[PDB]
Amino acid sequence: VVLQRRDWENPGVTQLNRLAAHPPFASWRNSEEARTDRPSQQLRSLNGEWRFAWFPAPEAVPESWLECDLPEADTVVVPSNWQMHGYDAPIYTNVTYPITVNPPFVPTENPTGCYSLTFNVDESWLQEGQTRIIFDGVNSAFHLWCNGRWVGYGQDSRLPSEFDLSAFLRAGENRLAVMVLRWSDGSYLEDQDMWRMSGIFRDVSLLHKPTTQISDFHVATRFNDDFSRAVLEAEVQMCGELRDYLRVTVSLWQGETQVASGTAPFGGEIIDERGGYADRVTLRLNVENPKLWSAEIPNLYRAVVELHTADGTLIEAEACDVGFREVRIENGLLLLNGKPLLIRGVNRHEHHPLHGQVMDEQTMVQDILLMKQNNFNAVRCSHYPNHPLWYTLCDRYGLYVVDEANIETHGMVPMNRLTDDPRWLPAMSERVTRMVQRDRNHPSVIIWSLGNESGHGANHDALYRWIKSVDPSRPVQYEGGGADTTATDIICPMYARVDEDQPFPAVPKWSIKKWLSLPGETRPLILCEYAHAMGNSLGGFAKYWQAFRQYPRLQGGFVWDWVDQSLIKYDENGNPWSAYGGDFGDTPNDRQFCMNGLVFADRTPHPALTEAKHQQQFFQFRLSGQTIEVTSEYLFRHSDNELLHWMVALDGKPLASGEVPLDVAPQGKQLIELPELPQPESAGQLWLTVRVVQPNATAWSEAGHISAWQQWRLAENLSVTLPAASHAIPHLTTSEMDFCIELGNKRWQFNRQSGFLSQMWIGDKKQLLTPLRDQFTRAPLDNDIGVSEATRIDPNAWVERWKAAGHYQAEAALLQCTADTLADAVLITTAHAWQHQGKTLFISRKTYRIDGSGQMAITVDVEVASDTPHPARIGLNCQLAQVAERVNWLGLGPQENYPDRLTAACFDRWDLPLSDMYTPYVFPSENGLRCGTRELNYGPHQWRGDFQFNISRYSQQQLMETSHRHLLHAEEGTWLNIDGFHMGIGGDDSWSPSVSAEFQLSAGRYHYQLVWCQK
Amino acid sequence: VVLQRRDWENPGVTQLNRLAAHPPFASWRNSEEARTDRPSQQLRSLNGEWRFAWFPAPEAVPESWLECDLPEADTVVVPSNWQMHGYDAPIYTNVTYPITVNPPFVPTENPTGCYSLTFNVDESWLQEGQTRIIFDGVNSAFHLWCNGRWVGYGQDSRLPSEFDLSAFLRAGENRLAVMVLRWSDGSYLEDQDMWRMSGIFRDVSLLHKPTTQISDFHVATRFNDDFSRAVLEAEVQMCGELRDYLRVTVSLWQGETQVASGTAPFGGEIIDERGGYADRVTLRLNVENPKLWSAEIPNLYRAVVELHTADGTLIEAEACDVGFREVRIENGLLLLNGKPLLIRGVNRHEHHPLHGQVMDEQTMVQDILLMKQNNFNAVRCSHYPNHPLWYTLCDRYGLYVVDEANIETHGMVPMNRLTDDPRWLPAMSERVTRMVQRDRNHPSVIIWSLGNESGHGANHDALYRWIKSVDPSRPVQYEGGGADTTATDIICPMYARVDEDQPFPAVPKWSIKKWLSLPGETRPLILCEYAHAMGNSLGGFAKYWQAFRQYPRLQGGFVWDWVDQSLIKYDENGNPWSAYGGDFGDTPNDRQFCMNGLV
Ligand SMILES: OC[C@H]1NC[C@H](O)[C@@H](O)[C@H]1O
Ligand SMILES: OC[C@H]1NC[C@H](O)[C@@H](O)[C@H]1O
Ligand SMILES: [Mg+2]
Ligand SMILES: [Mg+2]
């Protein structure tokens, strides 16, 4: 009968015998237990060891399995995904569906997981009341049997399914059987860009309720004009037999103090011509001076709802956390508690590198702490409802949540083929209505979303209107169909740029400043995705934050995204390594496109995370003379856990220091006057640095946490002292093959055929393994490669333009190599031309001046053909012979920084182990650059100038040829790249050229100089 | 397997294997035939004599009935209601449901009608193409078998159900079996004040289409400021295999004269980031000085849609009647073709004293003539979609139509118990979406209605918005929940008085002059029911007509109602007499309250 109906290939059947959706219940039988949130005896977990067998299709499952255990089944932990235990491969695909597109049919080869559990039920559970089983998430569809008898069917992987088991359970031993299908007609609605996995991946519980029970309750808060008086409105519904003696009490607690209370019999007000709801009641509770909930100060109350008799015998209690806050759109602005929000948001997927899509408390808490420590206030549930514990932790720690329906049909052509079709309106409505019914009581949820990337169809407008009518208290947003349709209260583009338009047919992406002012437009604009964090990325991030602060109706956005979705594999020696699409034999697949996070899958930060922290800070600073103005960007809190540290330094050396407490009202200013600063004798630039420190621990941070910082140049004294005249003169030797210069124990050799410095000796120890040569290329970054789908190549991507022009293959030809003795120096002059099939790309003219002090001054002038694509860099590289433990530099740091991502970095003297100067991105690329550098020390060498550098054990050629970080091997010696100039990295998106014109090397002529000496 | 699933007690299953809804098709294989509206060889009627047996429940039907005819079955005419042949009693109840209210369950004693037909299919129908069966209305739910094999299931009594029979038919003799249930979970949505009857009560047809076919088409008309230039916009969709040589032509005819024409290959404009519809095409035809449709002068054109090859071989044609008119609400007034309407309307049920709820051409024509001879210009389909011929006759003779979804839950307490519940949103959406997809091309339909007497729930606001988005060309109205909710473009009270207020709790009936001017109110007001014509009645009628003429935003209303719903019984001498509720042993019942007509 079950394989006869094939309910998984039928969009009109989304469930059989499933109970209504409701807020989370524990059925306490004691009000004190409910108030203090203690564990309930009536709610029993079935997590643990279950039996499991895998089958290639549902027709291959033996009939005996319903009756009793299969001999060849294994013991496995629930919750889990079965791909993580090795039964079949996880599939990573972005847009293309992982099955043939033939809606609503799915392949006959439909992998099937059979789970089963034997468990004991207590005798008191069968005498009276209702027993239900709850599956918090099953992917993608399943049938359930209890003691051999069929119970029901469910679809939608991301919301709980509940079934009544009262008529199926017996005293003693019981057996559940659950058959889970990988594919169903629900799969057409679940095309998110993520690993496709399956199984029972969220918790399983039994819940015991009495026959007369609370079946639903809703909480709402209404305010006066100044938020000094609130009304809590609770609506309660019951199921079972109505009696005259039944009563409902709602009490409101703040800690241990009862703050409000109300009691009533059942019976709503008249609703229409036929009467009202006999089985419902509304309580109104007045609260004076309520403490308001926000992400800055997450004040919660506890509401307890009791069903009891008139004589006062308790039947059951339920409870939730309540926050008083009002969200609304007024005159084009999104307001919380009367103030305009600025969203510092990120998109987050539920992902764990060992457990796949199984989430636990420990990982959720780790994410929330790291988010708040980096100045995030908001999270977008991309793109499905989360584990129910997630919303509780966002209520307690304080994050705003955007809660999103599990609907994405990206792989359809056109994108709205299903969402414009009335036969799929039933399936889509279950995904939205059940999410709102589960989550409507959480204060942290402030916006509902209709899904992601499904075009714009009439089913979207209908569901938009359904939510506005059942829940008027939250705005609704939807990005599909060009980001400003009639199904959204907020304009919510993805990857729109700050200043540049992208005029695509039908769905243009205006620049964000222009979009606000299109004729007729009045809504606020919040980007649902911006700043694609794929690999070495977030260039141009500061330009979004400058716009968000200047324009009132630009209210921020959600970065894409929090955590890299990589998985762990083991090699032959059992060493773990990070894997991406294609590494499991999954095909077709979309390769590294699954790794887009600010943090690695193990929750270690990428260098871009510090850039986000700095642009999102809650204190802004200005300097005028000796005065710092501090401006608070808090909306609700006074700065009561904040002190300002300032320091004045001269080229790294500290000169003066101090601290000042911060006493600044929300949205206010404070002026801090600095002491008379010292006048130093010596040459150099003075630097002032301020940092805001939190002296006391919070729920989310340690004592000493740095929350904000800023650096300025003060007075500069230029150096007018001429170098001391030495008595030694460098000696020049000319052979046919070489110029050699000697001075003491030091020796330099220049090859007369190649025209480069080929060797240096200190004593009799060689210093180079490779000559010092010009470099114009970089191992390309993900933003340079410019691919979102592995099958589709963009000929406008930087890496395509550089390969076509021959930048990676260009050969140096020598034009000139000459040597001359001056009075106190030897001068070497060289010129080279880089050519590819007749065309000259670059010319480089160089002088080397070696004086009596030992210092070698290098001067470089480069010309770049105006019709070649602009180069990625202009500098020198070589392979040094020695490996040292430390790197010491005077310049921006201490983390990796690039010309379009250097606002977070500070000028100072930095000292790190060599291994910290390499960023281990899983897909290897150019990495580890430090800009604005004046001095670099490594072993005996010192370089001085005004340059960017990177230093490591991997060549640019090795990083370009290697697809995975675990396959890189350290080379002999150390590779040094020293650049006079370096292109930006981009990252407005990663599938089209995104470097802004002010970060391209387009000048045509370039000059820089270095001194190389031995300290 | 069929009595194991019990699909009739489950609001989440409204159909199995039913094809998509679409405007009426005849599949002509010749453009001239399509233009002149001649009978199609590809559309075959199965009306006539069928076999029929009655059973007290679905579990009492013998298994043999699927294979072959029962000996104790009778010969009966289809279409019919089985209560009119004496198999059980018709029930007249106004508000109270005729079953125990226990949604979604129905009684186990669920009278069951088993119909069957033996018929011949021509050999050319099985070689190529698709063959479908169409039931225009079955009350209330049914399973269908062909040659012993289960085909599908449908609910909603008032809209067509279609099933593909290509894989089930054989050459020579075929047998259909249809098992019809009186009660289903669909009955909770069908609580209209009328006789409760059952059976196959509208036509049954076979339709033959080619494998590559026109699957849907829509017609829309846009105008300049003075109605001197129009654009006819036709959207056409196909099913089957896309080829480069396929083309669509739309021509527009006024009598014998071709007036406009356009041709194109398949391929819509870009819609979004993934492209456009490869299997759709939009033609735009310009028309100068079009003759405008109205109820006073019902000027029609004929649109012919041909699917053909580039060399000009015709694959199939479809056609409809087109009227050029614009309906809109502007500054609080309902305008047709730029002028403010005054609705002289009546509510009409499909009722015949001998045949029950079976409608025929002759009775429809008799009603329309009497309506127009008595100065009516408008009719409200109370409270369900009509027989498809009704809309064609209102196009040709000139009446405005309000077309209403088959949803009424009057007997619930409170009235919005189902329509405020998201688990019934699937069932309700099928009733609205399939009606709009069937009727959107008729010029006579000028307003959509969401149903009748179902309170006001969130399912109403969602469906209101669904229609405004798929069909912006007609206003939407809904009376429930106090007549002026967010689910209506028109204030549409029932039985509000001219000068006197009726201040009921939650749902007051203001007098109509006062309602127009409540702070914030800007919509026009048209009474969806007024002046109850029960017996010796219509006193005070002149006072409504005086108000309608004096106030611009009072634009008329629909009288309740056209025809008395009485039935014929026979005495001992065989003399016919008119019967009302209770005269068939039906109990409980609401007595003479079923007779409310002007005729
Ligand atoms: O990584 C690209 C990014 N683009 C937009 C989508 O919403 C995300 O799921 C993701 O696919
Ligand atoms: O005859 C009373 C009348 N009242 C209003 C209803 O809509 C009609 O169906 C009818 O019941
Ligand atoms: Mg996508
Ligand atoms: Mg009624």
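In each ligand, atom 1 is the first atom listed, and ligand 1 is the first ligand listed. Labels below follow one simple rule: chain letters A, B, ... track the order of the sequence lines, proteins then strands, and each chain is numbered from 1. In what follows, every heavy atom counts, from backbone to side chain, and hydrogens, waters and symmetry copies are set aside.
Residue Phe593(A) has at least one heavy-atom neighbour below 4.0 Å for each of these atoms of ligand 1: 1 (O), 2 (C). Ligand-side atoms of ligand 1 in range of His532(A): 1 (O), 2 (C), range being under 4.0 angstrom from any heavy atom. Those atoms of ligand 1 that come under 4.0 Å of a heavy atom in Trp560(A), given as number and element, are 1 (O), 8 (C), 9 (O), 10 (C).
Not one N/O/S atom of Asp191(B), from backbone or side chain, sits under 2.8 Å from the Mg ion (ligand 4). The Mg ion (ligand 4) has no N, O or S atom of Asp193(B) closer than 2.8 Å. Distances from the Mg ion (ligand 4) show that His410(B) has an N/O/S atom below 2.8 Å.
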For the pair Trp560(A) and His383(A), evaluate ring-ring contact (aromatic ring centres under 6.0 Å, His included) and give the outcome as yes or no after the intermediate values.
CA-CA 12 Å; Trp560(A) 186 276; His383(A) 303 286; 5.5 Å; yes
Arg348(A) and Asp367(A): CA distance, side-chain angles, deciding distance, salt bridge (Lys or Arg N to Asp or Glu O under 4.0 Å) verdict
CA-CA 9 Å; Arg348(A) 176 186 172 273; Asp367(A) 283 344; 2.8 Å; yes
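For ligand 1, the polar-atom distance check against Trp991(A) finds no nitrogen or oxygen pair separated by under 3.5 Å. Remark: ligand 1 and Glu408(A) share no N or O pair separated by less than 3.5 Å (distance only, no angle test).
The distance between the ring centers of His349(A) and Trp390(A) does not fall below 6.0 angstrom.
The side-chain tip of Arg344(A) does not point at the ring of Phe376(A) from less than 6.0 angstrom away and within 45° of straight on.
Contact between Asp561(A) and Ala533(A) at its shortest, heavy atoms only, is N-CB, 4.3 Å.
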